[PDB]
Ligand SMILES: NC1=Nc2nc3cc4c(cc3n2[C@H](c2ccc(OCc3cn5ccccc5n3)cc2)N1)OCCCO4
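The data below hold one chain only, encoded as C-alpha cells and taken in the form solved without the ligand.
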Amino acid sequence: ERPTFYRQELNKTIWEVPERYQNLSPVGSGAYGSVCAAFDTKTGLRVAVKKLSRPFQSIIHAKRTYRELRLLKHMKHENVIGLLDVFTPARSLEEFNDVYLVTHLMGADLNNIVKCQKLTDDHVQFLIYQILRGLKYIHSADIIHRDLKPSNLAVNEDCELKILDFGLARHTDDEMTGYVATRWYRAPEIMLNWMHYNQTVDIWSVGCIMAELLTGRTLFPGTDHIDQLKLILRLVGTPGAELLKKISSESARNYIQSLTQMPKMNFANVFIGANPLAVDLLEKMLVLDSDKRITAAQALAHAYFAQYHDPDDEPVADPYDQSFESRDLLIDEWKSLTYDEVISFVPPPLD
C-alpha cells in the first residue's frame, strides 16, 4: 500500500517522491518551501509538488504546517485549489520530518492575464463570478483568505479560475513596505490595523481586482501605507462618525480626523465606459465600513452576473472545525496531528 519512492537532488534539495511522479522540474522556492512541476502517471495530470521547508522547526512553523494541511484537505470546490495528494517518505512518526503537497499545475496567474491580454466585459464578468463563487464557498466555512491578489488566482486557457495562496514568504513588515503589490489589494482596516477584521476584507480585494480587470491598471498603487490610504479615501470618501466609532485604535482614529474631509467620487467618472452594472457592483464592494460591504453570496445575485448566476450550482462548504487555532501545543504534538492528517488523506475521484 505504501508506494515505492525514489531520490533525486534538484537545486541542492533532496526530493523523495512516489514513482508515479515523473519528470520533476524546479519551478519555485521560498522560506516555506520548494516547488517542482511533474507528470503524475497515475492520473495523467500535470502537477505541482511542494516540499515544505523545515515544517517542524518551531511551534509557530509546526502549527503553520498543520494549518495548511487542514485547509487544503478541506477545500473541495471548482474555483479553489484542490489537494491531489500529500505524502512523506517516512515509515513512522519517529522518522517523520518532511511533507510534500501535490496539486494541479497552474500555468498562468491573473497577473499575467491582465498584463498580457485584452479582456472584454464578458471576461470580467466570468472571472469575477468565479472568484465570488469560490469566496462564497470558503467564507461559508469561516475561512478568510486575507491575501487575495492577482498572483494568487490561477487561470487556464479556457478562462477557468482557482483561488490559492502562494505566500512562501513570511508576510513581514518589510515586504508590506513601499511601492509593492503585496499591499495594494489589502482592505484599509487590515493595512492599518483599525479593528478586528471580518471576511469582507476579501471583498475589498475583489473590488480592487475587478477595477484592474476593467482598466488594466492598479486601483490603489500606493507608495506606502499612508499614500495608499489617501488614494483610497479620495475615491471612497473620508469616514463619518459612525465608522470612526468602530476604529478601536485611538491613534488611528485621531489620524483620520486630521484629514481634510472628502466626499465619495462618482464611479462612472472614474471607470469611464464600463458597464453600469459593473460600476454599481464596485460601489457596493469598495465601501470603507466593512459592516456595509456586499458579501460574496449577495454579489453572486447581482445583475452584473445574470449570464452566469445559477443558485443551484453555487455550493457551500462542509463545516470546518478551526478550534485548533485557539490551542497551544508543543512541536511534537503539532507534528503528530499533522502526521495523522497525512496518513488519513483520501484522494479525490479521477474525473
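Numbering starts at 1 and runs along the sequence shown. Rigid core: the largest C-alpha set superposing within 1.5 Å between the two forms.
There is another form of the same protein, the form solved in complex with the ligand; it is not shown, and what comes next is about it.
- Within 2.4 Å of any backbone or C-beta atom of the shown chain, none of the atoms of the ligand lands once it is superimposed from its position in the entry with it bound; the pocket counts as open.
- Interface membership of residue 95, defined by any non-hydrogen atom within 4.5 Å of the ligand in the entry with it bound, is ruled out.
- Heavy atoms of residue 306 never reach within 4.5 Å of the ligand in the entry with it bound, leaving it off the interface.
- When contacts are judged by a 4.5 Å heavy atom cut-off, residue 119 does not count as touching the ligand in the entry with it bound.
- Residue contact with the ligand in the entry with it bound: residue 179 places no heavy atom within 4.5 Å of it.
- This chain is displayed without the ligand, yet in the entry with it bound the stretch 189 to 197 from 210 to 218, 125 to 133, 273 to 281, 189 to 197 comes within 4.5 Å of it by heavy atoms.
- The single contact residue among 235, 168, 90, 268, judged by any heavy atom lying within 4.5 Å of the ligand in the entry with it bound, is 168.
- Taking the ligand as positioned in the entry with it bound, the only residue of 63 to 79 that brings a heavy atom within 4.5 Å of it is 67.
- Residue shifts between the shown form and the other one, rigid core superposed: of 226, 108, 169, 176, the only C-alpha displaced by 2 Å or more belongs to 169.
- Contraction of the residue 166-residue 288 CA spacing by 3 Å or more is recorded in the entry with it bound, set against this form.
- Distance between the C-alpha atoms of residue 168 and residue 108: longer by at least 3 Å in the entry with it bound than in the displayed form.
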